[PDB]
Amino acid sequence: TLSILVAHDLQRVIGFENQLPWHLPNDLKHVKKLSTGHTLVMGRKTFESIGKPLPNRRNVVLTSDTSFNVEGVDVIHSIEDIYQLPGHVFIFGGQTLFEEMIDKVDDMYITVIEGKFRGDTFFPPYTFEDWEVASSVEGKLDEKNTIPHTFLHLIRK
């Protein structure tokens, strides 16, 4: 399987100044559970906004930088290399990678953040005419998770 994994708001904002605009522990747990034991593919900027690979899964970074070498990170230099990675692969961000991959993935795991944030990076537009709703699960609000959010699993029709 080739999947997208993304959290976006009502206007498809995914980022602001190389950070996420929201803090939602429930969504981070969601990411952890889906991707532990599998593969994350991300653009260079997304990786550098964290600077350390996520434990207990393969972290793949796409960059043109032939000098890129980070301990615990595998590097690729072409979109075409993504198709050679084994197992379940998750396109993890950012805007550029989403734009390049949205037409290619089998399915999408989307956390819809039910708010409107200031952003400078966006998930590309998509229509539910192209995607079946495999599941739609309301996130639980509480002390530490105070923005309404819905976990969607979308599969290409």
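Start at 1 and count along the sequence shown; that's the residue number.
- When 110 to 118 is weighed against 57 to 65, 57 to 65 comes out higher, by mean CA B-factor as recorded in the entry.
- The stretch 142 to 150 shows the higher mean C-alpha B-factor when 142 to 150 is compared against 13 to 21 in the entry.
- Among the modelled residues of the chain, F128 sits in the highest third by CA temperature factor in this PDB entry.
- Annotation for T36: C-alpha temperature factor in the highest third relative to the rest of the modelled chain, per the entry.
- Sorting the modelled residues of the chain by their CA temperature factor places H8 in the lowest third.
- Among the modelled residues of its chain, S49 has a C-alpha B-factor that falls in the highest third according to the deposited record.
- Sort the chain's modelled residues by C-alpha temperature factor and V105 lands in the middle third, per the entry.
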